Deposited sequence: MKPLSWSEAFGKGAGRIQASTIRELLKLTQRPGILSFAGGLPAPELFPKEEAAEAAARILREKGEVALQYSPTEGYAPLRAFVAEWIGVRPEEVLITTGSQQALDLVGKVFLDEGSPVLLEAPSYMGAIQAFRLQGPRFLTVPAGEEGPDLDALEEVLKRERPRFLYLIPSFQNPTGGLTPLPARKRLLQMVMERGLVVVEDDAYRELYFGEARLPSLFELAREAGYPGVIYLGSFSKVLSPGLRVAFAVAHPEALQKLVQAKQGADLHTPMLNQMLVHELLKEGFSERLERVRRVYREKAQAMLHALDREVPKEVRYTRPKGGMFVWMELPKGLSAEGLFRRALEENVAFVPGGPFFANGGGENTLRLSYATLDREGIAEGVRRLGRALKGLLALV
(Lines of atoms letter the chains of each structure in order from A and count residues from 1; the text may use other names and numbers.)
(Lines give C-alpha, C1' and ligand atoms only; values in the text may rest on other atoms or scores of the structure.)
Protein backbone atom coordinates (compact mmCIF):
# COMPACT_ATOMS: atom_id res chain seq x y z
CA UNK A 1 0.00 0.00 0.00
CA UNK A 2 2.36 2.91 -1.14
CA UNK A 3 1.52 6.13 0.74
CA UNK A 4 -0.39 8.81 -1.17
CA UNK A 5 -0.24 12.34 0.30
CA UNK A 6 -2.85 13.80 -2.06
CA UNK A 7 -5.13 11.02 -0.76
CA UNK A 8 -4.24 11.57 2.96
CA UNK A 9 -4.96 15.32 3.13
CA UNK A 10 -8.40 16.71 4.11
CA UNK A 11 -10.48 19.46 2.47
CA UNK A 12 -8.46 22.11 4.20
CA UNK A 13 -5.42 21.17 2.09
CA UNK A 14 -7.36 22.08 -1.06
CA UNK A 15 -8.30 25.60 0.26
CA UNK A 16 -4.77 26.90 1.13
CA UNK A 17 -3.16 26.75 -2.36
CA UNK A 18 -2.76 30.54 -2.82
CA UNK A 19 0.91 31.43 -2.14
CA UNK A 20 0.87 35.24 -2.32
CA UNK A 21 1.73 35.58 1.38
CA UNK A 22 4.84 33.35 1.34
CA UNK A 23 5.88 34.79 -2.05
CA UNK A 24 5.69 38.39 -0.62
CA UNK A 25 7.64 37.37 2.49
CA UNK A 26 10.44 35.39 0.80
CA UNK A 27 14.03 36.86 1.03
CA UNK A 28 18.67 40.99 -5.34
CA UNK A 29 18.96 44.44 -6.90
CA UNK A 30 15.19 44.10 -7.46
CA UNK A 31 13.36 47.14 -6.05
CA UNK A 32 10.16 46.08 -4.32
CA UNK A 33 6.75 47.67 -4.50
CA UNK A 34 5.26 44.24 -3.62
CA UNK A 35 4.66 43.51 0.07
CA UNK A 36 3.30 46.11 2.37
CA UNK A 37 6.59 46.25 4.31
CA UNK A 38 6.82 49.32 6.59
CA UNK A 39 9.63 51.78 6.25
CA UNK A 40 12.70 50.33 8.06
CA UNK A 41 14.04 53.82 8.73
CA UNK A 42 11.23 54.17 11.31
CA UNK A 43 12.28 51.06 13.26
CA UNK A 44 13.68 52.16 16.69
CA UNK A 45 16.60 49.70 16.64
CA UNK A 46 18.62 51.30 19.44
CA UNK A 47 15.65 51.87 21.79
CA UNK A 48 14.43 48.33 21.04
CA UNK A 49 17.86 46.89 21.87
CA UNK A 50 18.00 48.71 25.22
CA UNK A 51 14.46 47.73 26.10
CA UNK A 52 14.79 44.06 25.12
CA UNK A 53 18.01 43.71 27.12
CA UNK A 54 16.37 45.37 30.18
CA UNK A 55 13.34 43.10 29.94
CA UNK A 56 15.47 39.97 29.69
CA UNK A 57 17.77 41.03 32.55
CA UNK A 58 15.17 42.28 35.02
CA UNK A 59 12.09 40.23 34.02
CA UNK A 60 13.55 37.38 31.97
CA UNK A 61 11.98 34.70 34.15
CA UNK A 62 8.55 36.06 33.11
CA UNK A 63 9.44 37.00 29.53
CA UNK A 64 10.92 33.58 28.70
CA UNK A 65 8.24 31.47 30.49
CA UNK A 66 4.77 30.38 29.33
CA UNK A 67 2.48 33.40 29.69
CA UNK A 68 -1.31 34.08 29.54
CA UNK A 69 -3.29 33.30 26.42
CA UNK A 70 -5.11 36.64 26.73
CA UNK A 71 -1.91 38.62 26.61
CA UNK A 72 0.49 40.65 28.75
CA UNK A 73 -1.70 42.59 31.16
CA UNK A 74 0.09 46.02 30.84
CA UNK A 75 -0.15 45.78 27.05
CA UNK A 76 -3.88 44.87 27.26
CA UNK A 77 -4.25 47.95 29.45
CA UNK A 78 -2.34 50.22 27.08
CA UNK A 79 -4.45 49.02 24.14
CA UNK A 80 -7.64 49.47 26.09
CA UNK A 81 -6.74 53.03 27.10
CA UNK A 82 -5.70 53.88 23.52
CA UNK A 83 -8.79 52.38 21.84
CA UNK A 84 -11.33 53.32 24.54
CA UNK A 85 -12.39 49.97 26.05
CA UNK A 86 -11.85 47.89 29.16
CA UNK A 87 -8.62 45.74 29.32
CA UNK A 88 -10.70 42.57 29.58
CA UNK A 89 -12.13 43.40 26.11
CA UNK A 90 -8.66 43.16 24.47
CA UNK A 91 -7.01 40.01 23.15
CA UNK A 92 -3.36 40.23 22.10
CA UNK A 93 -2.75 38.25 18.89
CA UNK A 94 0.29 37.09 16.95
CA UNK A 95 -0.30 39.75 14.34
CA UNK A 96 -3.76 40.71 13.15
CA UNK A 97 -3.39 37.93 10.60
CA UNK A 98 -3.93 35.57 13.54
CA UNK A 99 -7.05 37.55 14.58
CA UNK A 100 -8.42 36.96 11.06
CA UNK A 101 -7.74 33.21 11.36
CA UNK A 102 -9.47 33.23 14.79
CA UNK A 103 -12.48 35.05 13.32
CA UNK A 104 -12.73 32.53 10.50
CA UNK A 105 -12.61 29.68 12.99
CA UNK A 106 -15.27 31.13 15.32
CA UNK A 107 -17.76 32.35 12.67
CA UNK A 108 -17.48 30.33 9.39
CA UNK A 109 -18.49 26.87 8.35
CA UNK A 110 -18.48 25.06 5.05
CA UNK A 111 -20.82 26.90 2.70
CA UNK A 112 -21.49 29.73 5.20
CA UNK A 113 -21.95 33.18 3.54
CA UNK A 114 -19.36 35.84 4.39
CA UNK A 115 -19.22 39.37 2.88
CA UNK A 116 -16.16 41.32 1.83
CA UNK A 117 -15.28 43.73 -0.96
CA UNK A 118 -13.94 42.80 -4.37
CA UNK A 119 -11.01 43.48 -4.12
CA UNK A 120 -10.09 43.16 -0.43
CA UNK A 121 -7.12 41.99 1.65
CA UNK A 122 -5.60 38.74 0.33
CA UNK A 123 -4.68 37.63 3.90
CA UNK A 124 -8.29 37.87 5.04
CA UNK A 125 -9.46 36.01 1.96
CA UNK A 126 -6.89 33.26 2.69
CA UNK A 127 -7.81 32.99 6.42
CA UNK A 128 -11.51 32.77 5.57
CA UNK A 129 -11.10 30.45 2.58
CA UNK A 130 -9.77 27.73 4.94
CA UNK A 131 -13.29 27.32 6.35
CA UNK A 132 -14.83 26.79 2.88
CA UNK A 133 -17.34 29.73 3.00
CA UNK A 134 -19.35 31.23 0.18
CA UNK A 135 -17.81 34.60 -0.51
CA UNK A 136 -20.27 37.42 -1.25
CA UNK A 137 -18.76 40.60 -2.67
CA UNK A 138 -19.52 44.16 -3.38
CA UNK A 139 -17.28 46.56 -5.34
CA UNK A 140 -14.70 48.75 -3.58
CA UNK A 141 -13.95 52.22 -4.91
CA UNK A 142 -12.31 55.48 -3.83
CA UNK A 143 -14.98 56.06 -1.17
CA UNK A 144 -15.06 52.44 0.04
CA UNK A 145 -17.72 49.75 -0.44
CA UNK A 146 -20.59 50.18 -2.84
CA UNK A 147 -23.39 50.54 -0.31
CA UNK A 148 -26.13 50.18 -2.94
CA UNK A 149 -24.76 46.78 -3.97
CA UNK A 150 -24.53 45.91 -0.29
CA UNK A 151 -28.20 46.84 0.28
CA UNK A 152 -29.13 44.35 -2.49
CA UNK A 153 -26.92 41.58 -1.03
CA UNK A 154 -28.48 42.00 2.41
CA UNK A 155 -32.00 41.54 1.08
CA UNK A 156 -31.19 37.99 -0.01
CA UNK A 157 -28.30 36.84 2.14
CA UNK A 158 -27.23 37.14 5.74
CA UNK A 159 -23.41 37.08 5.91
CA UNK A 160 -21.85 35.54 9.02
CA UNK A 161 -20.03 38.85 9.21
CA UNK A 162 -18.96 41.74 6.96
CA UNK A 163 -15.19 42.25 6.68
CA UNK A 164 -14.21 45.86 5.96
CA UNK A 165 -11.10 48.06 6.00
CA UNK A 166 -12.65 51.54 6.11
CA UNK A 167 -9.31 53.39 6.46
CA UNK A 168 -6.99 53.02 3.43
CA UNK A 169 -8.24 49.70 2.27
CA UNK A 170 -5.84 46.95 1.24
CA UNK A 171 -5.42 46.95 -1.76
CA UNK A 172 -7.26 49.95 -3.27
CA UNK A 173 -6.25 52.56 -0.64
CA UNK A 174 -9.92 53.61 -0.48
CA UNK A 175 -11.24 55.72 2.36
CA UNK A 176 -14.83 55.23 3.48
CA UNK A 177 -15.99 58.77 4.41
CA UNK A 178 -17.92 59.58 7.60
CA UNK A 179 -21.47 59.72 6.10
CA UNK A 180 -20.89 56.36 4.42
CA UNK A 181 -19.63 54.83 7.71
CA UNK A 182 -22.84 56.02 9.41
CA UNK A 183 -24.99 54.63 6.67
CA UNK A 184 -23.15 51.35 6.79
CA UNK A 185 -23.63 51.19 10.59
CA UNK A 186 -27.35 51.76 10.20
CA UNK A 187 -27.57 48.98 7.57
CA UNK A 188 -25.80 46.55 9.97
CA UNK A 189 -27.71 47.54 13.07
CA UNK A 190 -31.10 47.17 11.39
CA UNK A 191 -30.31 43.46 10.79
CA UNK A 192 -28.12 42.82 13.87
CA UNK A 193 -25.12 41.94 11.67
CA UNK A 194 -21.52 41.45 12.78
CA UNK A 195 -18.77 43.61 11.30
CA UNK A 196 -15.08 42.79 11.46
CA UNK A 197 -13.36 46.15 11.10
CA UNK A 198 -9.71 45.85 10.20
CA UNK A 199 -7.91 49.04 11.22
CA UNK A 200 -4.31 48.13 10.29
CA UNK A 201 -3.81 51.55 8.59
CA UNK A 202 -5.69 53.51 11.29
CA UNK A 203 -2.88 55.92 12.08
CA UNK A 204 -1.52 56.27 8.50
CA UNK A 205 -3.87 59.12 7.44
CA UNK A 206 -2.44 61.96 5.40
CA UNK A 207 -4.99 64.61 6.48
CA UNK A 208 -5.38 66.48 9.78
CA UNK A 209 -7.45 63.87 11.73
CA UNK A 210 -8.51 60.27 11.77
CA UNK A 211 -12.13 59.50 10.94
CA UNK A 212 -14.27 57.81 13.66
CA UNK A 213 -14.01 54.05 13.26
CA UNK A 214 -17.06 51.82 12.74
CA UNK A 215 -16.31 50.47 16.20
CA UNK A 216 -16.37 54.01 17.72
CA UNK A 217 -19.65 54.84 15.94
CA UNK A 218 -21.14 51.53 17.09
CA UNK A 219 -20.02 52.18 20.71
CA UNK A 220 -21.69 55.60 20.53
CA UNK A 221 -24.92 53.95 19.26
CA UNK A 222 -24.76 51.28 21.99
CA UNK A 223 -24.35 48.61 19.29
CA UNK A 224 -22.16 45.55 20.25
CA UNK A 225 -21.65 43.99 16.78
CA UNK A 226 -18.28 45.39 15.71
CA UNK A 227 -15.17 43.29 16.18
CA UNK A 228 -12.24 45.66 15.93
CA UNK A 229 -8.79 44.59 14.71
CA UNK A 230 -5.64 46.62 15.11
CA UNK A 231 -1.93 45.99 14.86
CA UNK A 232 1.47 47.32 15.82
CA UNK A 233 2.86 46.13 12.47
CA UNK A 234 2.34 49.36 10.49
CA UNK A 235 3.31 51.78 13.33
CA UNK A 236 6.26 50.02 15.07
CA UNK A 237 7.36 46.59 13.89
CA UNK A 238 5.66 43.93 11.76
CA UNK A 239 8.33 41.28 12.54
CA UNK A 240 7.45 41.30 16.27
CA UNK A 241 3.94 39.93 15.41
CA UNK A 242 1.96 41.91 18.02
CA UNK A 243 -1.57 42.96 17.41
CA UNK A 244 -5.00 42.89 19.03
CA UNK A 245 -8.70 42.22 18.74
CA UNK A 246 -11.32 44.16 20.64
CA UNK A 247 -14.91 42.97 21.01
CA UNK A 248 -17.92 42.56 23.21
CA UNK A 249 -16.98 40.01 25.91
CA UNK A 250 -19.10 37.19 24.50
CA UNK A 251 -17.35 37.46 21.11
CA UNK A 252 -13.95 38.15 22.63
CA UNK A 253 -14.22 35.10 24.85
CA UNK A 254 -14.64 32.85 21.80
CA UNK A 255 -11.56 34.45 20.19
CA UNK A 256 -9.56 33.77 23.37
CA UNK A 257 -10.84 30.15 23.45
CA UNK A 258 -9.72 29.70 19.82
CA UNK A 259 -6.33 31.27 20.50
CA UNK A 260 -5.42 28.59 23.10
CA UNK A 261 -5.08 25.80 20.51
CA UNK A 262 -3.66 28.12 17.81
CA UNK A 263 -0.37 28.97 19.62
CA UNK A 264 -1.02 28.93 23.43
CA UNK A 265 -0.04 32.61 23.74
CA UNK A 266 1.66 35.41 21.78
CA UNK A 267 5.38 35.53 22.69
CA UNK A 268 5.76 37.40 25.90
CA UNK A 269 9.09 39.21 25.24
CA UNK A 270 7.50 40.69 22.12
CA UNK A 271 4.46 42.08 23.99
CA UNK A 272 6.65 43.45 26.74
CA UNK A 273 8.92 45.06 24.18
CA UNK A 274 6.02 46.76 22.35
CA UNK A 275 4.66 48.04 25.64
CA UNK A 276 8.02 49.43 26.70
CA UNK A 277 8.52 51.15 23.38
CA UNK A 278 5.08 52.82 23.27
CA UNK A 279 4.38 53.65 26.91
CA UNK A 280 6.04 57.08 26.32
CA UNK A 281 6.11 59.15 23.14
CA UNK A 282 3.40 57.21 21.24
CA UNK A 283 1.63 60.35 19.86
CA UNK A 284 4.90 61.76 18.60
CA UNK A 285 5.90 58.42 17.06
CA UNK A 286 2.58 58.29 15.18
CA UNK A 287 3.06 61.84 13.88
CA UNK A 288 6.44 60.86 12.45
CA UNK A 289 4.92 57.75 10.86
CA UNK A 290 2.36 59.98 9.10
CA UNK A 291 5.00 62.42 7.88
CA UNK A 292 7.09 59.60 6.34
CA UNK A 293 4.19 57.85 4.59
CA UNK A 294 2.83 61.20 3.35
CA UNK A 295 6.20 61.99 1.83
CA UNK A 296 6.63 58.55 0.21
CA UNK A 297 3.13 58.68 -1.25
CA UNK A 298 3.93 62.13 -2.70
CA UNK A 299 7.13 60.74 -4.24
CA UNK A 300 5.30 57.72 -5.64
CA UNK A 301 2.58 59.82 -7.26
CA UNK A 302 5.13 62.27 -8.67
CA UNK A 303 7.11 59.38 -10.17
CA UNK A 304 4.00 57.69 -11.56
CA UNK A 305 2.69 60.95 -13.05
CA UNK A 306 6.09 61.34 -14.81
CA UNK A 307 6.61 57.78 -16.07
CA UNK A 308 3.19 56.14 -16.54
CA UNK A 309 1.22 56.79 -19.75
CA UNK A 310 -2.37 57.94 -19.43
CA UNK A 311 -3.78 54.67 -20.75
CA UNK A 312 -2.84 53.18 -17.33
CA UNK A 313 -4.86 54.43 -14.37
CA UNK A 314 -3.95 54.51 -10.70
CA UNK A 315 -5.41 55.72 -7.44
CA UNK A 316 -4.20 58.67 -5.38
CA UNK A 317 -4.43 57.52 -1.74
CA UNK A 318 -5.24 59.77 1.19
CA UNK A 319 -3.44 57.44 3.56
CA UNK A 320 -1.96 54.01 3.99
CA UNK A 321 0.69 52.29 1.97
CA UNK A 322 -0.74 51.42 -1.42
CA UNK A 323 -1.46 52.64 -4.95
CA UNK A 324 -3.92 50.52 -6.96
CA UNK A 325 -3.28 50.36 -10.69
CA UNK A 326 -5.55 49.32 -13.52
CA UNK A 327 -4.19 48.32 -16.89
CA UNK A 328 -6.20 48.52 -20.13
CA UNK A 329 -8.94 45.97 -20.31
CA UNK A 330 -7.69 42.42 -21.09
CA UNK A 331 -4.01 43.22 -20.40
CA UNK A 332 -2.31 40.85 -17.94
CA UNK A 333 -0.83 42.09 -14.66
CA UNK A 334 0.88 38.68 -14.44
CA UNK A 335 2.42 39.29 -17.88
CA UNK A 336 3.52 42.75 -16.70
CA UNK A 337 5.00 41.24 -13.54
CA UNK A 338 7.25 38.98 -15.64
CA UNK A 339 8.39 42.04 -17.63
CA UNK A 340 8.88 44.04 -14.40
CA UNK A 341 11.08 41.29 -12.97
CA UNK A 342 13.33 41.55 -16.06
CA UNK A 343 13.51 45.36 -15.36
CA UNK A 344 14.41 44.57 -11.70
CA UNK A 345 11.18 45.80 -10.06
CA UNK A 346 8.36 43.90 -8.34
CA UNK A 347 4.70 44.49 -7.44
CA UNK A 348 1.66 42.35 -6.55
CA UNK A 349 -0.74 41.35 -9.39
CA UNK A 350 -4.33 42.01 -8.40
CA UNK A 351 -5.85 38.53 -8.91
CA UNK A 352 -5.30 37.30 -5.26
CA UNK A 353 -7.34 40.22 -3.93
CA UNK A 354 -10.55 39.08 -5.65
CA UNK A 355 -12.12 36.27 -3.66
CA UNK A 356 -14.29 35.02 -6.55
CA UNK A 357 -11.81 35.78 -9.36
CA UNK A 358 -11.43 38.55 -11.88
CA UNK A 359 -9.16 41.56 -11.63
CA UNK A 360 -6.46 40.11 -13.90
CA UNK A 361 -5.68 43.60 -15.32
CA UNK A 362 -5.10 45.12 -11.82
CA UNK A 363 -2.07 45.40 -9.53
CA UNK A 364 -1.08 46.87 -6.19
CA UNK A 365 2.01 48.97 -5.56
CA UNK A 366 3.41 49.59 -2.11
CA UNK A 367 5.46 52.75 -1.52
CA UNK A 368 6.04 51.98 2.17
CA UNK A 369 9.46 50.31 2.05
CA UNK A 370 11.72 52.14 -0.40
CA UNK A 371 13.19 55.57 0.17
CA UNK A 372 12.23 58.45 -2.14
CA UNK A 373 15.16 57.81 -4.50
CA UNK A 374 14.41 54.10 -4.72
CA UNK A 375 10.73 54.99 -5.37
CA UNK A 376 11.76 57.22 -8.29
CA UNK A 377 14.09 54.56 -9.70
CA UNK A 378 11.61 51.72 -9.18
CA UNK A 379 8.87 53.62 -11.00
CA UNK A 380 11.27 54.40 -13.88
CA UNK A 381 11.80 50.62 -14.18
CA UNK A 382 8.03 49.96 -13.89
CA UNK A 383 7.43 52.54 -16.63
CA UNK A 384 9.75 50.65 -18.98
CA UNK A 385 7.87 47.41 -18.30
CA UNK A 386 4.49 49.13 -18.82
CA UNK A 387 5.70 50.68 -22.09
CA UNK A 388 6.79 47.19 -23.28
CA UNK A 389 3.41 45.72 -22.38
CA UNK A 390 1.43 48.46 -24.14
CA UNK A 391 3.73 48.40 -27.21
CA UNK A 392 3.00 44.69 -27.81
CA UNK A 393 -0.70 45.42 -28.48
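The deposited chain is incompletely modelled, with C-alpha atoms absent over 1, 29-31.
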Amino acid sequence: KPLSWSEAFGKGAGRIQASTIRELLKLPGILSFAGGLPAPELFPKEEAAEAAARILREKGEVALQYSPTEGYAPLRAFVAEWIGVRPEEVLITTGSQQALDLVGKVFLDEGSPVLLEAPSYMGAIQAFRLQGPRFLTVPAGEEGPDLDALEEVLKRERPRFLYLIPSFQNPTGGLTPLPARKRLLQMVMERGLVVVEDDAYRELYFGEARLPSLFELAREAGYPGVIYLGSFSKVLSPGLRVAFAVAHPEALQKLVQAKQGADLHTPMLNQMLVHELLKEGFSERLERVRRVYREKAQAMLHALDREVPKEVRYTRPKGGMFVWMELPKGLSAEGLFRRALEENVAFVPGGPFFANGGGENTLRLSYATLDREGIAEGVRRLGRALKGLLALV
From here on, numbers count along this sequence of modelled residues.
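Whichever C-alpha set is largest while still superposing within 1.5 Å between the two forms counts as the rigid core.
Stretch 308-316 is the one, of 198-206 and 308-316, whose CA positions lie farther from the shown form in 4 other deposited structures of this protein once all structures are superposed by the rigid core. Larger average C-alpha displacement in 4 other deposited structures of this protein, relative to the shown form after a rigid core fit, is seen for 29-37 when comparing 29-37 with 51-59.
When the two stretches 240-248 and 150-158 are set side by side, the higher mean Cα temperature factor goes to 150-158. For the pair 32-40 and 66-74, the record assigns the higher mean C-alpha temperature factor to 32-40. In this entry, the residue among 203, 117, 280, 216 with the greatest C-alpha B factor is 280. Per the deposited record, 309 carries the highest C-alpha B-factor of all listed residues (309, 173, 123, 104). Among the modelled residues of its chain, residue 333 has a C-alpha B-factor that falls in the middle third, as given in the PDB entry. In the deposited entry, the Cα temperature factor of residue 378 places it in the lowest third of its chain's modelled residues. In this PDB entry, the Cα temperature factor of residue 300 sits in the bottom third of its chain's modelled residues, the lowest group. In the PDB entry, a CA B factor belonging to the highest third of its chain's modelled residues is recorded for residue 289. When the modelled residues of the chain are ordered by their C-alpha B factor, residue 221 lands in the highest third.
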